[PDB]
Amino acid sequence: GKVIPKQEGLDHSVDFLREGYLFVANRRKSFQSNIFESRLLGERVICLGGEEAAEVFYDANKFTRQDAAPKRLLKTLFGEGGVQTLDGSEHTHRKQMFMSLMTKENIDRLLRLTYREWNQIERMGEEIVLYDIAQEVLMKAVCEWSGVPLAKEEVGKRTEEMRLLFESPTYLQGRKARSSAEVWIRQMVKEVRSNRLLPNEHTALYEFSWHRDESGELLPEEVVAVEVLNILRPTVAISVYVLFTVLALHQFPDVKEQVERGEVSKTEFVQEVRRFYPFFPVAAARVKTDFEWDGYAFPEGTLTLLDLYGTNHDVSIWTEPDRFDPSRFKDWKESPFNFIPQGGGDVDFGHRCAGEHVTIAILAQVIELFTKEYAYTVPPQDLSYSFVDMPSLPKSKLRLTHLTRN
């Protein structure tokens, strides 16, 4: 029989913009609570953080993603009708559609495509901006991987579009991008179902354009365009983690040397990059019907936020969360709720991120290239990144000089 700590005032949206990734964490410390209530986007909002609130937030008996995501993110970042917006058996079936791609062999294909693209950054020369090059590498690799025709002369435009999507006046700049992208891919989709274009099996455009939902029926063309965009867009967004991974290599020379000696694996270095650096701030959902957790009352329909970054730095879960220390993962298996940079819960039956294996494999290959394959200088520059602006980026965008093969 407890009261949920409540912030006074009519609107805290401005405060959420002011404090970004530190909003939930500042209030969890301030209140000394894993739960509190704010007002934003016109509504009462319940905020949560930590292992046990995470396990509750991913309890499908208690929470629903139906109408959870705000319509403006549907407009710019997520797409309408996507797997994000789905329920029960329908969601399980479509989520199995995404997971069919994440086989080891199909990811191997992707990683061969990224290696081949990366191999050409020796082309550009003695001075690269890593964020730009990463985006273009990833865009060409993931377009190829998904059977998506991407001509050379249009690589700037399409990669730019995906960037405005995952970085979403600028609001409707991102809106315009989403529209352009969606008709591009919708176009290609109808050329697939009418045999004017023939993408390979085990690619997203092929397997999605042909997908039969649980009725036995193909999906609408715009929905297919959305589901493809939910692979193209976040793969390019991996560029942010590329920046943070090379930054980690430069910022923590001792762990870099432990990576090169094999004391810590590449996977573990990647995990600690995803835990240490901010990227996705909160997941969202809605109380299904009135329930109680921990003596607290959740009213039906209440929008609810789970703190991903904050949970990843939770001092009750992690020893010295503020130290970059990949050895914290060796040998340590995470639960599905204590380490959640790309969502919590079970991937196949919950809304956890589809692309985690892809993310980790691409970042591990980056560690290999930027320690063993290439040599380079990091000149003095602004390598700081924001805790309040979303998403966070090292300011200089990682300017590398004197980049030569080892």
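Note that residue numbering follows the sequence shown and begins at 1.
Participant: Zero if continuous, otherwise a range: how many residues of the deposited sequence are missing coordinates between residue 168 and residue 169 (none, 1 to 3, 4 to 9, 10 or more)?
Facilitator: Missing residues, residue 168 to residue 169: 4 to 9.
Participant: So 315 to 323 or 288 to 296, which one's hotter by mean CA B-factor in the entry?
Facilitator: Taking the mean B-factor of the alpha carbons in each, 288 to 296 is higher.
Participant: Hey, which bit's got the bigger mean C-alpha B factor in the entry, 188 to 196 or 225 to 233?
Facilitator: Mean B over CA atoms: larger for 188 to 196.
Participant: Which one of 336, 278, 310, 125 shows the top CA temperature factor in the record?
Facilitator: In the PDB entry, the greatest C-alpha B-factor among 336, 278, 310, 125 is found at 125.
Participant: Can you tell me which of 86, 248, 240, 282 has the highest Cα temperature factor in the record?
Facilitator: Out of 86, 248, 240, 282, the record gives the largest C-alpha B-factor to 86.
Participant: Looking at the C-alpha B-factor of residue 118, is it in the lowest, middle or highest third of its chain?
Facilitator: Answer is lowest: the recorded C-alpha B-factor places it there.
Participant: Sorting by Cα B-factor within the chain, modelled residues only, which third would residue 353 end up in: lowest, middle or highest?
Facilitator: CA B-factor rank for residue 353: middle third.
Participant: Where does the C-alpha B-factor of residue 28 rank in its chain, lowest, middle or highest third?
Facilitator: According to the entry, residue 28 has a C-alpha B-factor in the chain's lowest third.
Participant: Ranking the modelled residues of this chain by C-alpha B-factor as given in the entry, is residue 38 in the lowest, middle or highest third?
Facilitator: Answer is middle: the recorded C-alpha B-factor places it there.
Participant: Tell me, lowest, middle or highest third: where does the Cα B factor of residue 363 rank within its chain?
Facilitator: CA B-factor rank for residue 363: lowest third.
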